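K.L.:
this one's a deposited entry, sequence included:
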Amino acid sequence: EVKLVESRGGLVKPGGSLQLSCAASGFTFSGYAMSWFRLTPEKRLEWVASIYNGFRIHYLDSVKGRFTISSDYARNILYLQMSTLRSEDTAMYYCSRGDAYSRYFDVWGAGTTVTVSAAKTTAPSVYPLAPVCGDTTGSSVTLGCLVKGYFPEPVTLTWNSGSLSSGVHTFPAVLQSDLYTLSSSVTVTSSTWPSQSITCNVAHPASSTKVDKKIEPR
Amino acid sequence: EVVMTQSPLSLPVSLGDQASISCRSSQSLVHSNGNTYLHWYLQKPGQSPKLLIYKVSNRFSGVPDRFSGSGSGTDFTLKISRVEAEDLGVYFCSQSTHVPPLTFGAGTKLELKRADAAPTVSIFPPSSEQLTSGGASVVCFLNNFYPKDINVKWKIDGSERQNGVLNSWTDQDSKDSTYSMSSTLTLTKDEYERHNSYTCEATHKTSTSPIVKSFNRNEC
């Protein structure tokens, strides 16, 4: 195959620095426009920088003076030195090979995440969400789990250790006080709970924490 | 600085149907050399972007003949003759005629159509565990609804509340094609104990009136 092996990303505090890289496999950089792109949290695709045969260099205005694109044509490795990192730089970065003549980009590396934040590794608080008084006698009943104040992403949430999969909705995390908050709901037949137990399992790799929260009445 | 505008932002279709996505540039993309550097890419969840069409109408190697591109100057169109499941994702147009910088449109999400469905709404009070820490989050789930457009309003003791609300939306469900949303109103324990009536109101096309779920704190 023809591909671009991307380096691992990282977590960095504002003002900090980090270097990304990609190695070519199955081809050579010579003649191509090697570039860096990024997919922001808002889900917008942005061009960041490009370099051609080591003598033509361009930068997105917002990164001039902070980011440096360079290339080793001998080893065929592309680099992106990011300094004076800002919160706005948080995104998924992609290196890519573009045709110099037609100006399109056909070969892309896998996304590499770069998060710029002052937050420290924090385990999440896992709160059980039990039905209000009166909504436990319908055909089905919905229970929930609120995972609040963790950093960094991600967390793994399951219901009944994974055996309960249907009728589940786990929502994308949102930032709250520079920390992440996520929620998940599970809907089961009215006769199931609480005679049968329902438990929210939350794993947060970063903090080596595993929290299981049983959802109980009242 | 060439601005790229795609229409629509979301395109629901049924498998087998034809689809058309539009892209407009703020300036003509015809280069002085006569070429028009307008391209179309597709990006699926968890994957990197994939080139589909380059220079308006050139299908890239390996791309199915169901994809075709047309247009000129400032207006372009990507067409899919017969939509297949693998085609679902976000389509981006991009220009490289006036560079730097190379620019992209905001993208168009190709999604699946299905019958309308009213949301199943559930409201939850702050947990005793969270209250002990001085916080009070009231949560509302608006599940399995269609179409995706929906509005949520919070009321405390009957009055609209805007501060402290955070929302999250799921992508279209792969099994039933519906959408879901979670809305959380976060207050301090102090504020929560200051009022009694908490209400989550949903406005959706499936109802002329907002769908309402509520509870009173002093009851639990």
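P.N.:
Sure thing, it's come through. Residues are numbered from 1 along each chain as shown, chains lettered A, B, ... in the order given.

K.L.:
after the helix or strand hosting residue B:68, next one along is what?
P.N.:
Assigned by DSSP states H and E, residue B:68 belongs to strand B:67-72. Later in the chain than strand B:67-72, the nearest helix or strand by DSSP H and E is strand B:75-80.

K.L.:
buried residues in that following strand?
P.N.:
B:76-78, B:80 (16 or more other CB atoms under 10 Å in any protein chain shown). Heads up, the C-betas are built off the backbone N, CA and C, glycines and all.

K.L.:
domains of the chain?
P.N.:
Answering for chain A, as no chain was given. Segmentation of chain A into domains, based on curated CATH domains, reads A:1-118, A:119-217.

K.L.:
should've been chain B
P.N.:
Using curated CATH domains, the domain parsing of chain B gives B:1-114, B:116-215.

K.L.:
for residue A:112, which non-adjacent residue is spatially closest?
P.N.:
residue A:9 (4.2 Å; CB to CB, 6 or more residues apart in numbering or on different chains).

K.L.:
how about residue A:206?
P.N.:
Distance criterion CB to CB, 6+ apart; nearest residue to residue A:206, sequence neighbours excluded, is residue A:121 at 5.1 Å.

K.L.:
so that neighbour touches residue A:179, yeah?
P.N.:
No - using CB atoms under 8 Å, residue A:121 makes no contact with residue A:179, being 10.8 Å away.

K.L.:
so for the two, which sits in the more crowded spot?
P.N.:
Neighbour count, other CB atoms under 10 Å in any protein chain shown: between residue A:121 and residue A:179, residue A:179 has more, with 17 against 13.

K.L.:
count of residues packed around residue 99?
P.N.:
You didn't pick a chain, so chain A it is. A count of nearby residues for residue A:99, using other CB under 10 Å, gives 16.

K.L.:
look at chain B instead
P.N.:
Quick note: residue B:99 (other CB under 10 Å) scores 14 neighbours.

K.L.:
pretty sure it is touching residue A:56, no?
P.N.:
No - counting by CB under 8 Å, residue B:99 stays clear of residue A:56, with 11.3 Å between them.

K.L.:
now the residue nearest the centre of chain A: how far from residue A:89?
P.N.:
In chain A, the residue lying closest to the centroid (CA atoms, centre = their mean) is residue A:113, at 6.1 Å. Residue A:113 sits 11 Å away from residue A:89, going by CB to CB, to the nearest Å.

K.L.:
got a list of what residue B:200 touches?
P.N.:
B:121, B:123, B:138, B:140, B:142, B:152-154, B:183, B:212-214 (CB atoms under 8 Å, 6 or more residues apart in numbering or on different chains).

K.L.:
so which of those are also by chain A?
P.N.:
residue B:123 (CB under 8 Å from any CB of the partner chain).

K.L.:
how about stretch B:127-137 as CSV, C-alpha atoms only?
P.N.:
C-alpha atoms of stretch B:127-137 as CSV (Å, rounded to 0.1, in the frame of the first residue of the first chain):
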residue,chain,number,x,y,z
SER,B,127,-28.3,13.0,42.5
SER,B,128,-27.8,13.0,46.2
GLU,B,129,-24.1,12.3,45.5
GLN,B,130,-23.7,15.4,43.4
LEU,B,131,-25.5,17.7,45.8
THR,B,132,-23.1,16.7,48.5
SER,B,133,-20.4,18.4,46.5
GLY,B,134,-22.3,21.6,46.1
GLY,B,135,-23.5,21.1,42.6
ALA,B,136,-26.9,20.4,41.0
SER,B,137,-27.3,19.2,37.5
